[PDB]
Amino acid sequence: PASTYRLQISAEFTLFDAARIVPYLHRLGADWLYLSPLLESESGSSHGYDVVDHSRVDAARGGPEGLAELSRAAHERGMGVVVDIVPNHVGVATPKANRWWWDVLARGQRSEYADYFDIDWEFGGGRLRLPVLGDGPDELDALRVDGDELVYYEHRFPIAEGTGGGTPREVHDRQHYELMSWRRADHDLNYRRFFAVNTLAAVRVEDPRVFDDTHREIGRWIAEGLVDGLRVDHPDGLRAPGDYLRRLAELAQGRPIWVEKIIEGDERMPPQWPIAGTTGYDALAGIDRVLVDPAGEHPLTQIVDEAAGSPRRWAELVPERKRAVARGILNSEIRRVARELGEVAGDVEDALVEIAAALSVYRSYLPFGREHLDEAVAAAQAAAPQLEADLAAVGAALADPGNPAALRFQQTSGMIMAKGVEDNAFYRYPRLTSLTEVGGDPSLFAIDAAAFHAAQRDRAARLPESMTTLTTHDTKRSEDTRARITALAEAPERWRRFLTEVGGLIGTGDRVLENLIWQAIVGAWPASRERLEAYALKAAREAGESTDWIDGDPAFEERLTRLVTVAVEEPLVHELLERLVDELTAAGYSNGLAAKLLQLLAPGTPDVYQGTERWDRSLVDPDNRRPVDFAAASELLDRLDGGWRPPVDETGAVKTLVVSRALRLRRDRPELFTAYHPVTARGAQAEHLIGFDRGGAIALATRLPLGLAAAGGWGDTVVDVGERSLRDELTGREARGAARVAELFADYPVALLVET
C-alpha cells in the first residue's frame, strides 16, 4: 500500500459507518484502510482487544455483513483493507461471554479447552485463581448461589457438575476456580495474562489446534478476498512469535503482515520473519528528534533536576522502575519463571529481576538476540555483585531455547519493559515530554539532519514496506500535542519563567509532575477541563510518585484537579497560559506540518491515524480515541479542492492540504518515489531546512522555527533543487536550481516540490 488510514471500529463507528466514509478517504488520498480488531469482543468494547468469540465478526461492529460492505466499498475503488488481529489473549471479564474460559471454570483440567490457556494448575493447588474479589475482609459473605451459578455481585461463575451443596462458601471450596482478592494478582496469579490486566488471559496460539480455532474466521477473510493484509497485536507476548508469523503468512497467502513490535535504538528484528515491518514507532522517534533543538537539553534537564532535588537519570530510572514492576504487579510472572527454573541457585527470583532490569530490548528470540541476554547478565552482575554466581547460573539457563523457563522469560521481559518504562519511568522523566513516547529513548534528546537521513536510508534499505506513524491509539500524546511541546527545546528559559510564574499561583507538592502536566496543558490547548483533569489523574497515577492506581492519595489528587481547574478558569493563570500558547502557536504549527510532510513522503508505508488530516491535540488513551468528525474534514477538503488556499490557522486546513496532496502523490504517481537523497540548504539559515528527494518529489520543511524567527527569517538561504523545473503541490509555485527558501516557504513552512 501507498499509505494506511487507521480507523477505530466500534459500536459507535461500525463497519457500515466506515463504509460510508470510504469515498471521503479515497478523496483524501488514502490507499488502504487499517481497521481495529473485528472478531467478536466483550460487550461494549470500544477497542476490541478483549476477544470472546473468534468464530465471527463482532456483531456490534456490523458482523460479517458489515465487513462485506466495507471491503466491497474499498475494493470497488481499488483500495485495500488491513485488519488488526489479536493472537495473544482473550477477554475474560465476563466469564460467561467466553465459552472456552467458562468451560475451564466449569470442568477444570478435564475441559477440552484447558490447554488453550497458559495455567499453572499446580501453583494453584489444582485450582485456577480469579482475582475478582474486593480487598475488604469477609468478602465471600456476598457470595451467593443462583441455580447452577456462583454469584459475586455482578460476576457469575459455573458451579461444577454435582458440586452443588449447601452454603455458597461450601460450594465455592469444591470449584475448579478459586475467587480471591484482586490484590493477590501481583504475586499469586497462576495464569498468563496480558501485562497486568487480569481480564485478558493468554491463549497458547503456538498449539496448532489453538491457532486453527482462533484464526479460522481471519482465514476466511483472506480466502474470500475480504482483506488484503494483517497487523499483529503484541507478538512479543507469544511463546514462539517466529513460528506464529510463519503460520500466519501461509494463512494470509503471502499478503503483507505488520507487527506491533517496539524497537530499542538500532535493534533489528529477526530477518526471517515474513513481515512487511512494524507499525512505525521507530520512524516516529527519528522524526520527532530532528525537530528538537539540541541546545535545549541541558536547560530543560536542569528544570527537572532542580524540581526533584536530585538528578533524574534515565540510566537509573529504567532499571529501578523495571525492578519495581518485576517485584510488584508483575511478580506472578517472575515467580512462575523461577518455579520453572528450579533451584539452579539461591535467589533465583532476585537474579531474574536483575536480568530483566538490565535487558536493553523488550525480549530475545533465542537463539536470535542471545547477545542482548548475555549483555543483560553481565550488566546485572555489575549492578548486583552479591548475586554474580546466581546471575551466571540463571543467565546460562535462560540462554537455552530448549529450556521452558527461557521461553517464558522472553514472554515476560517485554511486559516488564512496557509497564516499567513506558507506563511508569516515562512519567518520571518529563524534561521534554514529547520525547517520552512509545518507541522513543527519552535520553536521546535530539538527532541532527545527518542522523535523520541515515535513519530514513536504513528503512529504505531493510524495511521499505514498514509502517511509519506519528499518532496511534496507543501513543502517549498525539502528533500535534508533541509538535507544540517540542518547541520548548528552543525556549528553555521562557519555559522556566512560565513554570515559575504559574507556580507562584498554584501547585500540588510535586513540581516534577507539574512540569509534565503543564507541558500537556500547553500542548493540548485549547482543551476542556474534563479532558485535562482526566489526563492529569492518569499521568499522576502512571508516575506513581504522589498517587498511584492501587492505593492513591485523594488529597494530592484534588490538589491536581484544582490545578487543572485554575488553569482553565482562573483569570491570571488562564492568561499566563494563553499568552505562552500564543507565543508557541506558529512554532507548533510549523513543527506539526514538518513532521507530517516528512513522515508522509519518507521511505516506508505512512500510516495516518483517523482525524489527523487536521490538528490532533489529543493526550493519552482514551483521549486519543475520541470520535472523529469526518464530515467536517470532508467539507474542508472540498473547499481545498475548490481552490481555496488557507492561512496557517486553527481550522487545520493547511494540514489537510499537506496530507491530501502528499497522500495522493504517493498513491497516484508512485513513479516519483524511487530513491532517497538528502536535500541540504546553503546560507545563513541553512540548518533550519530539513528535506529530502524521493526521485521526482521533494519534501521540504522547517526545523527550529523559533530560532529561525528570532534570526529574522530565511534571509539569503537557498536550496539547490536541481537542473530541473519543479512545482509546489501546495501553492503552484515553481522552482529551479538555487531557490530562495524565503520564496519556497513564502506561504507555508513546508513545500512539496514535484518535477515538471
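All residue numbers refer to positions in the sequence shown, first residue = 1.
Higher mean CA B-factor, judged across 699 to 707 and 717 to 725 from the recorded values: 717 to 725. Just going by the entry, 184 to 192 versus 624 to 632 on mean CA temperature factor gives the higher value to 184 to 192.
Residues shown: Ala487, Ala384, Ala595, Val290. Highest C-alpha temperature factor in the entry: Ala384. Out of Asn88, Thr94, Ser466, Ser590, the entry records its largest CA B-factor for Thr94. The PDB entry assigns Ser45 a C-alpha temperature factor belonging to the middle third of its chain's modelled residues. Among the modelled residues of the chain, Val232 sits in the lowest third by CA temperature factor in this PDB entry.
Among the modelled residues of its chain, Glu260 has a C-alpha B-factor that falls in the lowest third according to the deposited record. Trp615: CA B factor in the lowest third of modelled residues in this chain (values from the PDB entry). Remark: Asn515 belongs to the lowest third of its chain, ranked by C-alpha B-factor as recorded.
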